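The block underneath contains the structure these notes are about, expressed in structure tokens.
Naming follows writing order (A, B, C, D and E), and every chain is counted from residue 1.
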Amino acid sequence: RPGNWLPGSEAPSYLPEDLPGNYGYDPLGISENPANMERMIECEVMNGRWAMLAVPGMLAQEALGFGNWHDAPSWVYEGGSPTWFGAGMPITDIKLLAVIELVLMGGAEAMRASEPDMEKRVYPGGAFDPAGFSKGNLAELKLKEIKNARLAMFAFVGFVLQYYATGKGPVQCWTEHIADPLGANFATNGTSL
Amino acid sequence: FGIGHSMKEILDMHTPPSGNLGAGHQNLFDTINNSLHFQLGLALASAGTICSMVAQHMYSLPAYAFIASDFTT
Amino acid sequence: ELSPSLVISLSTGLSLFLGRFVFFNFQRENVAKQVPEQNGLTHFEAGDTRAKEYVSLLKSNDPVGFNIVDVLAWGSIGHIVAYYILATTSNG
Amino acid sequence: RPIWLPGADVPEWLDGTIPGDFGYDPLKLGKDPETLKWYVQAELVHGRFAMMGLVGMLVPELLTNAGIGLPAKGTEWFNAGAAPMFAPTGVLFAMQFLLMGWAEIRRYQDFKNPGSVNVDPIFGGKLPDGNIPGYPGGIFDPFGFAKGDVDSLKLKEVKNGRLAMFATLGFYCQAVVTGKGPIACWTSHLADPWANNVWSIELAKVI
Amino acid sequence: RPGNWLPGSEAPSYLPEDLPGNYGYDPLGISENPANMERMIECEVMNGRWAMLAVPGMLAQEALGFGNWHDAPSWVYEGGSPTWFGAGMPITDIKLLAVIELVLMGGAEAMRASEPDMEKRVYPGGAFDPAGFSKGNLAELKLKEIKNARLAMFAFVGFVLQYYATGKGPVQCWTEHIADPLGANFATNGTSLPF
């Protein structure tokens, strides 16, 4: 393991010492059977990869293309412009937009949904390869995404649960703190008490 | 027509992958489809509660015209 | 020959796409796993006449064997997406 | 061996093993071993806060009331609830909680696993330890005591801790009643011992 | 091994006596764990160098040029690029500026970051030893480098606790003290003695 999440606790037995990002953190004893664990290894990967790509879309378009991650993207369409993406206007309209989303994802995911192998799913390689394929380099990079993903997921909450408290977007809510760290904190808010 | 579900092989795959429920739902479609009383216990329990559910809605949401005008009905 | 008659024609093609594209994989894979029976025996040999599992209507020369009732099962879903998109007009 | 009262018990489950043990546990909280271990630490953590803390109450009010020299801002120890200035009590509080709870979970997870809170790789840098169980030593004993007076020093920590805890409770209950500061409560009694006693005011005075 | 910090003997048992200038100093006994001392041998020498590099730096800022240290960023907080280092101001802005010192330094550390040997990393030699003054004896030079280092670090604190106190940057303070010895002290005007 690459460290322990809580120094002073022993390693849990059921988690085999070799897993990507094994800190021995399983407080609820969720998976005590390695059979069932594997599906959640595969799944923690996916939830991260979507979560990774989701974060820049929330920050950037607040501080770059100038829209919130929540109300701006969706609202502006109904009562307004079809899409402003990248500060540009495409043809595509509301209803027939989501129709395309099912053909593709349902085509993209279901094509992945059918595989015999667990490992070749989580880690397809193939056409996706053009990077380290070998030995410890891949084994190490294997840790790096699992680790960034955990951080990336754990951000997504902070995006939602700041916006429900503050109401401002993530960067607009960030910039407030770096200007004045005290008085702009979370403690003073409708969160704590 | 062979397209559909199988009652038993819906059930038999629901044993939770822990063992909290042990075998889970296993050979229940046996007991159910054989025992009548099991089928009748559900029928009265399901229909029984609805009888009450009718009475809970039907005074407060008086579907019929000109009730809640004559009260005693 | 306009959008009302075009969309349902353009919508149904979505579901029949996925059905043959991939989900012919998974539907056929559970059907082989799932077959009905009672007292450990299927419903034909337990004495029920009307219950004989009926493949003799179900065949095709289609490349994968995609059959009439799978057209019915997917085409109906094609008509779900059909009458959700046109009928709503609810928040775009 | 000294007893709390000389004629009673020294309960069976309690021998004179640990220091500051006079044989007083009427309600018999500690019985099984793995509990008594816990409470012994719960005592010292109290005993240590109480000592330090009480001096926060005692000395500042003493200075002011012992003369003009350095009058204590915040006046009596319960008048220092006011006088925050820089940061709001919302934030400064949750800065504490986050800050303390780091150190004190480190203290617990040590009691759980005694040998090392943190072995050398984890929690980068830091981790000097040099830790015996029940007392940190290490960093926390810079001048290097435990020079062979330990047993006596141990008795002197508890016995002063026992008293500062008990004495602290007075500061609470006194101020809750007489509404004055300790040296006000002090001197007014020492001035005239009888009329200024307890039990002439508000509390046993219910009679 | 040279003498001991205080002449109370009891040189602590654990130590690589050839280490560069151990006076037998562990009041708190941090390095008792040998695997851990392995780390703290480098943490020292790499800290000191950046004191050893900074102490003269903080020395010329206030002496020759304008600003002491905390004056430097905020003088150019409104300024930005307008520094003068033997020369004018190549244009850069705070966000763009930090990218250099963050990224160019990251790799420079990251190249050193993973070094299978703990001796090989802190004392590489070679390209970082252009002169070759290592000669056959570095052990005199190694201790030599440390004594300069420890003092450099310990000097750095003398900048920060003075200026954080009512006292200002050292260069004038140095002159201020040597102007009037009585009345320029940590006690006087420093309000470091709180009575």
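Heads up, the rule we're going with is that contacts are C-beta pairs under 8 Å (C-beta built on N, C-alpha and C of every residue); 3 or more make two chains touch, one makes a residue touch a chain.
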Subunit A-subunit B separation of Cα centroids, rounded to whole Å: 40
Euclidean distance of C-alpha centroids - subunit A vs subunit C, Å: 35
Subunit C and subunit E: spacing of chain centres that average the CA atoms, whole Å: 76
Overall pattern in which the protein chains touch one another (line/ring/star/complete/other): other
Full enumeration of touching chain pairs: A-B, A-C, A-D, B-C, D-E
Complex contact set, residues of subunit B against subunit C: 1-3, 5-10, 30, 33-34
Complex contacts: residues of subunit C adjacent to subunit A: 11, 14, 17-18, 21-23, 25-26, 81, 85, 91-92
Residues of subunit D defined as touching subunit A within the complex: 86-88, 90-91, 93-95, 106, 109-110, 112-113, 116-119, 121-123
Residues of subunit E that touch subunit D when the two form their complex: 27-30, 32-33, 35-36, 39, 43
Subunit C residues touching subunit B - in the complex, by the definition given at the top: 31, 33-39, 53-55, 57-58, 69-70, 73
